[PDB]
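Participant: Provided hereafter are the protein sequence and its experimental coordinates.
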Amino acid sequence: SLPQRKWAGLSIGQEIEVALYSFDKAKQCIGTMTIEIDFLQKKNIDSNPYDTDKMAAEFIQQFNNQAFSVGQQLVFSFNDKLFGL
Amino acid sequence: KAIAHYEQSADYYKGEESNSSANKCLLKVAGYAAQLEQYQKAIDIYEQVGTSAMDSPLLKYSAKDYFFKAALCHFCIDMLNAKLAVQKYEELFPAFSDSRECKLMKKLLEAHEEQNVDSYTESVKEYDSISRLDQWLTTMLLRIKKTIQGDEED
Amino acid sequence: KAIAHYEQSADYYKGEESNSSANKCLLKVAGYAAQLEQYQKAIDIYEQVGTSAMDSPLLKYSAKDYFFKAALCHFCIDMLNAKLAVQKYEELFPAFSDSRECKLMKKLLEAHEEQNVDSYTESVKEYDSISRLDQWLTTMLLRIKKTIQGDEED
Amino acid sequence: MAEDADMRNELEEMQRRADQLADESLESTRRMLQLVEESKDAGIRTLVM
Amino acid sequence: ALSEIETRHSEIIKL
């Protein structure tokens, strides 16, 4: 997606080397993770309050079983709304 | 195939000096060839007809919307290509009909460059009232905001 | 038999594809369906032709009136076909002949389904001030005018 | 003297018609903005055809 | 201050 190639620093045309990789789950599984969130697109900004209790729950509802790194850039979908994580 | 048929047919009509249907069959070409993908053959036709149209006393007013269509066709250009033809175009400022030629473009283009997609809707907001919008231009409203969102997200 | 020649001749004019010739004939078919009092067939006829006019920019600004003909042909029909055929017609309702075409009709069946002939017969005068009605229209309007009175008193 | 009076007073609104009736003229000026353009719309396309 | 409004009504509905 757009942010991923903007976090990986890619360019369609560049030749990457993709290789399977596996985690050490009993040392690497996530149990508590903080994220800095903000409106992905600044053209659709609102002042509405948004329930984090429902956003983290929708976060795990969608981003279960996925690989996440420190400093990684991604998008969050709350009611089809793009946020920038 | 049918667009090629209009092309060849218009070629024969140039060979008869009924530029009438040379222009008509080419407008049928470019009106769909534009939204399909092709904005250069489009403006080729729409400049050809507008330039051959300032000639006649019968044709020069149809040339207004023709150079409009010749101006509209963007290859997702954030520049003034529409306003480029305007800086060529014979607006004749006392003639208000070319506000349906550029004043639309005059207002919305600055919006498009300067981070104002939100402002972009307010042009058609009134122009659909002072000119009921058809399929081609409305689909083009969506298409040139595909060029917006291909500058923003797409 | 006259209509058997208008409709049949319209079938011949469409035999050589001339749509507007058949729309001219079919308006004799359906125009005199009001005096022939076949409102159920009139509403069956004015629909496809106005849909053939939304496609045509050459013909659009009478298309609202074409569906108004389909709309107004009531035999005291409270189908929302009368309220939906105008909805089918793609329409910027703050347009400039629609205030005299569509919302007119909604006002008139606002009073018919009110079981009130008072405002039903005030808005008809409100409208004739702004567009003078003719024999066919006025006959159809007073045809539906008897329909409210045929249920309020009895 | 030893007098301080600092005072205030209230306003008389001139009868500016004092009814909504202004609207009807405003409705005419609506319609002249509204009902005029389509003449040109159909005019230019009547001229195209 | 109402006759000019009546003209603003009348001359312009005429218009």
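Facilitator: On my side now, so go ahead. Numbering: from 1, shown residues only, chains lettered A, B, ... in the order given.

Participant: could you say which helix or strand holds residue 9?
Facilitator: All of this is about chain A. In the assignment (DSSP states H and E), residue A:9 maps to no helix and no strand.

Participant: hmm, I had chain E in mind actually
Facilitator: Assigned by DSSP H and E, residue E:9 falls in helix E:3-14.

Participant: does anything pack onto that helix? Which helices or strands?
Facilitator: helix D:22-34 (3 or more C-beta pairs under 8 Å, 6 or more residues apart in numbering or on different chains; DSSP states H and E). Placement of C-beta: from N, CA and C, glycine included.

Participant: hmm, who's touching the helix it packs on?
Facilitator: C:94, C:96, C:99, E:5, E:8, E:9, E:12, E:13, E:15 (C-beta atoms under 8 Å, 6 or more residues apart in numbering or on different chains).

Participant: measure the residue nearest in space to the middle of chain D to chain A for me?
Facilitator: Closest to where the C-alpha atoms of chain D average out (C-alpha atoms, centre = their mean) is residue D:26, at 6.0 Å. Distance, residue D:26 to chain A, by C-beta to the nearest C-beta, to the nearest Å: 35 Å.

Participant: please name the residues that touch residue 75.
Facilitator: Picked chain A for this. The contact partners of residue A:75, by C-beta under 8 Å, 6+ apart, come to A:1, A:3, A:40, A:82, A:83, A:84, A:85.

Participant: that's the other chain; I wanted chain B
Facilitator: By C-beta under 8 Å, 6+ apart, the neighbours of residue B:75 are B:39, B:40.

Participant: tell me how many other residues crowd residue 4.
Facilitator: Went with chain A since none was named. Look at residue A:4: counted by other C-beta atoms under 10 Å in any protein chain shown, it has 12 neighbours.

Participant: my bad, chain E
Facilitator: 10.

Participant: before we move on, what about residue B:43?
Facilitator: 23.

Participant: need the phi and psi values for residue B:93.
Facilitator: Main-chain torsions, residue B:93, degrees, to the nearest 10: phi -40, psi -40.

Participant: where do the helices of chain A begin and end?
Facilitator: A:2-7, A:25-28, A:52-62 (DSSP state H).

Participant: and the residue of chain E closest to chain B?
Facilitator: residue E:15 (19.1 Å; C-beta to the nearest C-beta).

Participant: show me what contacts that residue?
Facilitator: D:28, D:32.

Participant: same thing with residue B:124?
Facilitator: B:133, B:138, B:141.

Participant: let's see 10 Å
Facilitator: Going by C-beta atoms under 10 Å, 6 or more residues apart in numbering or on different chains, residue B:124 touches B:104, B:108, B:131, B:133, B:137, B:138, B:141.

Participant: by proximity to chain E, which residue of chain A wins?
Facilitator: residue A:43 (42.5 Å).

Participant: burial of that residue, as a residue count?
Facilitator: For residue A:43, using other C-beta under 10 Å, the count is 14.

Participant: ok, it to chain B distance?
Facilitator: According to C-beta to the nearest C-beta, residue A:43 and chain B sit 6 Å apart.

Participant: what's near enough to touch that residue?
Facilitator: Per C-beta under 10 Å, 6+ apart, neighbours of residue A:43: B:115, B:116, B:117, B:118, B:148, B:149, B:152, B:153.

Participant: got the helices of chain A as a markdown table, with distance to residue B:56 columns?
Facilitator: Shown next, in a markdown table, are the helices of chain A (distance: least, C-beta to C-beta, whole Å):
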| stretch | distance to residue B:56 |
| --- | --- |
| helix A:2-7 | 50 |
| helix A:25-28 | 77 |
| helix A:52-62 | 62 |
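
Participant: quick check: which of the ones you listed is nearest to chain C?
Facilitator: Per C-beta to the nearest C-beta, nearest to chain C of the helices of chain A: helix A:2-7, 34.9 Å.

Participant: quick one: which of the contacts of residue B:124 is nearest chain D?
Facilitator: residue B:131 (6.0 Å).

Participant: what's the spacing between the closest one and residue A:83?
Facilitator: Going from residue B:131 to residue A:83 by C-beta to C-beta, to the nearest Å gives 39 Å.

Participant: out of the helices of chain A, which is closest to residue A:71?
Facilitator: Of all the helices of chain A, helix A:2-7 sits nearest to residue A:71, with 8.2 Å by C-beta to C-beta.

Participant: residue contacts, the residue nearest the centre of chain A?
Facilitator: Among the residues of chain A, residue A:74 comes closest to the average C-alpha position under C-alpha atoms, centre = their mean, at 3.2 Å. Counting by C-beta under 10 Å, 6+ apart, residue A:74 touches A:1, A:3-4, A:7, A:35, A:37, A:40, A:63, A:66, A:68, A:83-85.
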